[PDB]
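You are given structure tokens for the same protein chain in two forms, set apart as structure 1 and structure 2.
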Structure 1
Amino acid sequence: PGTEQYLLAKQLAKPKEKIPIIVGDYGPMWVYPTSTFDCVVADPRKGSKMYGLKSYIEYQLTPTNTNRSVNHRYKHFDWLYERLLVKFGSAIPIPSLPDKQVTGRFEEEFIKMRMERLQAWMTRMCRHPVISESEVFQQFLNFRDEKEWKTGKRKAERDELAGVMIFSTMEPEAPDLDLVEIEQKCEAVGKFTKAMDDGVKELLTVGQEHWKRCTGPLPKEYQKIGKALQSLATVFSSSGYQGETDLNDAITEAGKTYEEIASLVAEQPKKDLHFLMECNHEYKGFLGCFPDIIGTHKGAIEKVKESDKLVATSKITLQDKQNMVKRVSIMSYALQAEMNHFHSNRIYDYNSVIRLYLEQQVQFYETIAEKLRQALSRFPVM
């Protein structure tokens, strides 16, 4: 990338953007604020900018820290996204913003799932100790003037403390880590993320595959059954046999009961499978970011090996050399700090969605059973 600039920044900077790293039992970690805060996103408003029949949708972001609300069209979130990506992208994975879809810009469904994805996206950022308390993200929320905003959007776009340079604002409340120990922690992350990425990509495929099967061919079956039964009852009823009436009703109902199971089935993924899928997508997103983060640390560590080769070729000085070291260490502390935040949240997230998927599953089968048990109690015992 350009690590040469940060590790060789002969001229140290004078910014007071606070990004500290402390150590702990689990190892380095960011400093999580004591006064936590989230943010709500809802009430799909409708704004206007003079083009006739071209009014973009606008969402409302209500922070919790101060109750003062704000509005934002999707395009602004994308803007926010690029900024966060450009600023911290070389150290912190940045949640993916949903695709730019099927030209269905205006109805219930669309805005709903989109607003759902934006809500989860905002909460991710709010929960991040480093992102949540940055200027760009913050100002993105609390702004009054329609121009107080343009000012921020402008200030944001000129912030040169991005890319690799972001590390220049980090302060490790701990010693230096030799190059060896560094490269090792790098490999580790690189092997975990690649592994989990590969793993979640499957969980996603079978799920999408199972989904597609529960909303299609499977219901049709229970539909064919329930109908097959009902036609048969219809045939018996034409028999014209003295001494029957009670059975053809039980049959016909069994069929209708099956038709309802067809519906119940074809309408279940939206209640459990869905959340399990979404959680995995979000994570496929965090993972997709490591290729860059790790590739940048790798380049940084590789560029520090040439230190000696350089100092000898009289290109730089021992002081310059010793900086490259104390500097690429900060990178490691930041990387470890990030993973520790990852794992922490990973463990919470999967434990909640799975817990959720199962619960929904349970109720599902329990419900179907109860539906059968009803049509059953319509056929006299023998």
Structure 2
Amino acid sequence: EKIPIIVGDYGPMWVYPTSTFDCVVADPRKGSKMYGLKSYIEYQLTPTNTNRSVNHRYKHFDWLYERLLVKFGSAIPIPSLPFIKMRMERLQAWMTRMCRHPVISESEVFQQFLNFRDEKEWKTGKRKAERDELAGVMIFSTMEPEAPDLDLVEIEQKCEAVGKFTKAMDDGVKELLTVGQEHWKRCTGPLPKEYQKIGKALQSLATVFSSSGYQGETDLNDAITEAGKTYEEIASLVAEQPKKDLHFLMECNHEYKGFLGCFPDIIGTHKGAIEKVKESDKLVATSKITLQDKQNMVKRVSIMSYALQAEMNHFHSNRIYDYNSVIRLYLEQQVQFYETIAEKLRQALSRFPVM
């Protein structure tokens, strides 16, 4: 139950498993086990390291989320929980995020949540997890850095840096979320309505032209009619596009907003401990606390800083990769969208007689 922290090329870091761990979130109705329906809805989970599945209602994920916050929340951001399709997709991302965390994934509570053989066993793990007193700031007593105690100057400097980065990032992420959502509303509301109105207006005109009854302008008006229909198709394409690109950019940012929202408490707790150590000389001299106690606060604050730096290294490595991946995906999809519109308009153009 001890959590190692080592120092690598980026300073403090967790100990990562030699093989990646993950978990499939699926519909039990589709599984290979005989399954009796209900409400509640359940999710079937199959860890990568086993063929065994367990089922869980949504409430159980809420339960795990709280257990994880309570136990690890002083040190580790816990991602926020979430159509029905969309809930399952978000729960898969959430599970994967936790499975890939080298501390969470190894915790008794996470493992038992995924590996119980019968209802009895579940309720048993559930109660044990609910009574686990190694929680809040007590979690640090289980962590063991493989490196020398840090001095207060460095501890303070690291903490301040994390506070500054996470605050600035939170602002930047909220800005992107706000403007993206504003754009999303326009792209599914007023904008496709405009294309639709232009397209229908072209068809209306074509129909009037048709009423000249003159047979010679039939192909001319057909081409205008078809261009109007093309603009209606473009309207649908525009309205459906965000689900293919902007949605993923938004999802990644929502997830990071979720991580970032854990930092006020984490940083407050860290700064609180630093302040108490800073007071420790006065506190001792005034016989308000003993020497050994001071010793333990000093030791504890160094473990906290190792844990804080380890988690930030986890945070940054994921951050860099995730933002790179999602922004590339966003741009790829956008390229295809604009190409698609150009091609549709190209086809509309090709139908017109040349005069």
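For the two forms, the rigid core is made up of the largest set of C-alpha atoms that agree within 1.5 Å on superposition. Numbers follow structure 1, counted from its first residue as 1.
Only one candidate in 34, 66, 319, 351 has its Cα displaced by 2 Å or more between the two structures after core superposition: 319. Comparing the forms between the two structures on their rigid core, the Cα displacement of residue 205 stays under 2 Å.
Shown in the overlay between the two structures, fitted on the rigid core, is a CA shift at residue 175 smaller than 2 Å. Once both forms are overlaid on the rigid core, the distance between the two CA positions of residue 216 between the two structures is under 2 angstroms. Comparing between the two structures on a rigid core frame, one finds that residue 45 has its C-alpha moved by 4.5 Å. Look at residue 240: with the core superposed, its C-alpha moves 2.8 Å between the two structures. Lined up on the core, residue 25 has its CA atom moved by 1.4 Å between the two structures.
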